[PDB]
Every structure is written in structure tokens, then in C-alpha cells.
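One structure below.
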Amino acid sequence: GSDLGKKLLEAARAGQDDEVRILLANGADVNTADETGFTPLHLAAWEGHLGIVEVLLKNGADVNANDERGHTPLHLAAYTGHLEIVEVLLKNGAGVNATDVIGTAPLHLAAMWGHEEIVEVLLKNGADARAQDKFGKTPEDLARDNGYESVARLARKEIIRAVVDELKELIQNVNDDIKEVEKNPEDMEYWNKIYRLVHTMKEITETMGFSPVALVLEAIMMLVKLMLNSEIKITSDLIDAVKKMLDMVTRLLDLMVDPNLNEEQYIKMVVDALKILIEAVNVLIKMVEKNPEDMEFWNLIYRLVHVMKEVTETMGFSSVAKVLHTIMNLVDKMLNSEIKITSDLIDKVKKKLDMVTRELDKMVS
């Protein structure tokens, strides 16, 4: 009864390989528990005794045993940071996404103390990077709060990758819907469904960050909203413009999940993104060309040019920062109605934007 169970607990805790083997041989309950509910596997993983972990697992140890606090042996192995014990537990069907009472997964325990190797292993075995504990904290958040910048950046990259996959699923939905309207433009319902999809996308992008994608999605939202309130006649050319903006959003999403290359590919990433959002600004300029006098669209162009100036400044590109600063100055003049909106002004902005594009091409070329 309690005799062999207590001696087995104490032997697993102390690291007595032979004593564990003997006690198991004499019919000791492998899944015995202490006051708090720790089975010998919990204690073996805690103290880091790989041999005893392996032996216990061979003799029927419960890999997913929970204690009072809802902790499996994998929680404790990830906390203490014993890589090989984590690997064996996962090998024997351990719960990679097991959640305790406070909502803390093993990835939280690994990332919060910066045990990079076990974090990588856990992610390899399908660990949820976006898992949130009872306090709305992801593993990224816990690692960053404790000063582990490397693991924080890694968890961030994983969250970005998963979010991009989700957004691609949303893009597929939107593309099916836009095809179905292209066949029957009469249905306004499809446009409302597309509006819902784009609004959810906009919310996700704002939540993560990715301001450029958020602003392009906001342009999408304005167009679909005008069509819903029958402010504009449903044209096929405007639909092709929406198609082009969705395509560029998808491509930008592809850009975000770049293979962690070297500074050269980093430059190519930023230059491609710069060209993509320039294409977006060109779409906006064409739309303003056809229907000016709606300052919301100008505020959005301002927001995009501001994001671009920020990106450049952070990444140098002083010539481009200056040209975009001038663009922003002209737009600022316009919003407070200093100057009169004239076709020559929009055309001049277009000329300067083309000069920007050639300056970037010169930089990358």
C-alpha cells in the first residue's frame, strides 16, 4: 500500500535507479501520488533523472497525470528545462498543449524562462504559439516580460506565421465570394459577407500590428461600404481594383513570412513591400482621380505615406524619407483646405511618387 508507494516516490525523487527498479519489481504502484497529486514521473522530471523517467514510463507511468494544480510531468520538465526528458515525454504521447488550472501551457513555462531548446522542440510537436493563459499572456509575452529577447522574437515569428496562414484562409473565402459576385453582381448579400470577412481581417491585423495590411484592408472596407450604401454604381473596373488590392495584400503577407536570410534578402523584402504598398497608393490615387472631394480617402493616403516615411526613416533611405516627407507636407496642406484641390496637384503628386519608385529601384538595383 502506502509503504511501497512512499518509498517509490522518495526513490524517484532522490535518483535511486536501483531502488526504483527494485520497488517496481515488488509490485509498487507506479502511479502512486503524494498529497498534492505528484506521481513518481512528476518528481523524476522535476529533479531531472532521465533514467528513472524512462524506467517509470516503461512500467506504465501515466504520462499525462495531473496534480492538484493541473500540472502534467511535461509542465515540470519544461519549467526545469530538461531537454531530453521533454523529448522522451513527447515521444511517449505527452500533451504538448496540455493546460493547467491557470491556463498555462508547457510552452508558456519554456518561453517564460528562455529555455530555447525545449521551446523549439515543443513548437516542432505542434505547440500553440498563440496560447493565452488566464491573464491573456502568450509565451512571447512571458518571455519578453522576463528579459529573454531571443525566445520572445522566436515566439513572435511563430505567431506571425500562424496569423498569415489564417489570413490566407480568409483571402480564399473572399476570393470565392468575389467570384460569385462577378457572376451575379446583383446580390448585395455577398458584398456584406465580404465586408464581414474584411472587417475580421482588419481587426486581426490591428491586434497583431502589421499596419500596412491594416490600412490596405481599410481601403477595401471603404470601397465595399460605399457599394453597400449604394453611394457608387457597381462597376467592373472598381471590382478589378479591389482584386488588385487583395492580390497585393496576399503578396505582402507572403513577404512577411520570409526565410530568415541575410541583410541582402532583408533589403529585397523591404523593397518588395515598398513596391506593393506603392501599388496600393496608386490604386487609391486612381480612385481619387475619378471621385475626388471625399477627405476620408485623403486621410488614408496620408496614413499610408506616414507609415512609409516611418519605415524608410527606421531603415535609413534618407532620399526617400525626404521625398515622402514632401508628399506628406502637400497632403497636410490639402486636408486643412489651405490649397484648392486641383488636377495639377494630384498629377504632381503622381510625378513625385513615380520619382520615389525610381529612387527605390535605384537603391535596390
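To be explicit about the labels: the chains of the C-alpha cells are called A, B, and onward in the order shown, and within each one the residues are counted from 1, while ligands get numbers from 1 in the order they are shown.
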Write out as a VMD selection string which residues come within 12 Å of residue A:18 when counting only C-alpha atoms, dropping same-chain ones fewer than 5 positions away. chain A and resid 8 11 to 12 23 to 25 51 to 52 55
Please return as number ranges by chain: the residues of stretch 209-322 of chain A that backbone DSSP assigns to helix (DSSP H, G or I). A: 211-228, 236-256, 263-290, 295-314, 318-322
For residue A:217, the nearest of the candidates A:232, A:300, A:94, A:102, counting only C-alpha atoms: A:300
Any idea what's packed within 10 Å of residue A:163, counting only C-alpha atoms, ignoring anything in its chain fewer than 6 positions away? Could you give it as a list in words?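 The residues that qualify are residues 130, 157, 169, 204, 205, 208 and 253 of chain A.
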Can you write out the residues you just picked, keeping C-alpha atoms, as a short mmCIF file (atom, residue, chain, number, x, y, z; two decimals), in the first residue's frame?
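Written out: result-v8.cif:
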```
data_model
loop_
_atom_site.label_atom_id
_atom_site.label_comp_id
_atom_site.auth_asym_id
_atom_site.auth_seq_id
_atom_site.Cartn_x
_atom_site.Cartn_y
_atom_site.Cartn_z
CA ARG A 130 -0.86 31.91 -29.63
CA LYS A 157 7.83 34.90 -35.61
CA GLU A 169 -7.73 31.17 -45.41
CA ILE A 204 -6.75 40.69 -36.60
CA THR A 205 -4.18 42.87 -38.37
CA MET A 208 -1.08 41.87 -34.14
CA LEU A 253 1.54 38.53 -46.40
#
```
Surrounding residues of residue A:238 excluding itself and chain neighbours under 4 positions, 12 Å, only C-alpha atoms, as a list in words: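 Non-adjacent residues within range: residues 182, 220, 223, 224, 226, 227, 232, 233, 234, 242, 243, 244, 245, 283, 284, 286, 287, 288, 290 and 291 of chain A.
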Include C-alpha atoms and write out the residues we just selected as a PDB file, in the first residue's frame.
```
ATOM      1  CA  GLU A 182     -18.627  38.652 -60.585  1.00  0.00           C
ATOM      2  CA  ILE A 220     -11.084  47.577 -49.093  1.00  0.00           C
ATOM      3  CA  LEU A 223     -14.989  50.556 -51.125  1.00  0.00           C
ATOM      4  CA  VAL A 224     -17.269  47.699 -50.062  1.00  0.00           C
ATOM      5  CA  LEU A 226     -19.779  52.601 -50.387  1.00  0.00           C
ATOM      6  CA  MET A 227     -21.205  49.798 -52.504  1.00  0.00           C
ATOM      7  CA  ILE A 232     -21.493  54.334 -56.049  1.00  0.00           C
ATOM      8  CA  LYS A 233     -22.679  52.293 -59.019  1.00  0.00           C
ATOM      9  CA  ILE A 234     -21.244  48.784 -59.018  1.00  0.00           C
ATOM     10  CA  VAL A 242     -10.369  45.592 -55.392  1.00  0.00           C
ATOM     11  CA  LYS A 243      -8.997  42.381 -56.917  1.00  0.00           C
ATOM     12  CA  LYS A 244      -5.611  44.046 -57.365  1.00  0.00           C
ATOM     13  CA  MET A 245      -5.562  45.299 -53.776  1.00  0.00           C
ATOM     14  CA  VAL A 283      -4.921  52.375 -56.738  1.00  0.00           C
ATOM     15  CA  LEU A 284      -6.002  54.991 -54.197  1.00  0.00           C
ATOM     16  CA  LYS A 286      -6.738  56.409 -59.428  1.00  0.00           C
ATOM     17  CA  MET A 287      -9.860  56.238 -57.284  1.00  0.00           C
ATOM     18  CA  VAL A 288      -9.336  59.818 -56.117  1.00  0.00           C
ATOM     19  CA  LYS A 290     -12.279  59.583 -60.642  1.00  0.00           C
ATOM     20  CA  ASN A 291     -14.166  60.734 -57.497  1.00  0.00           C
TER      21      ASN A 291
END
```
So, with only C-alpha atoms as the atoms that count, which of A:108, A:118, A:312, A:28 lies closest to residue A:141?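 Nearest candidate to residue A:141 out of A:108, A:118, A:312, A:28: A:108.
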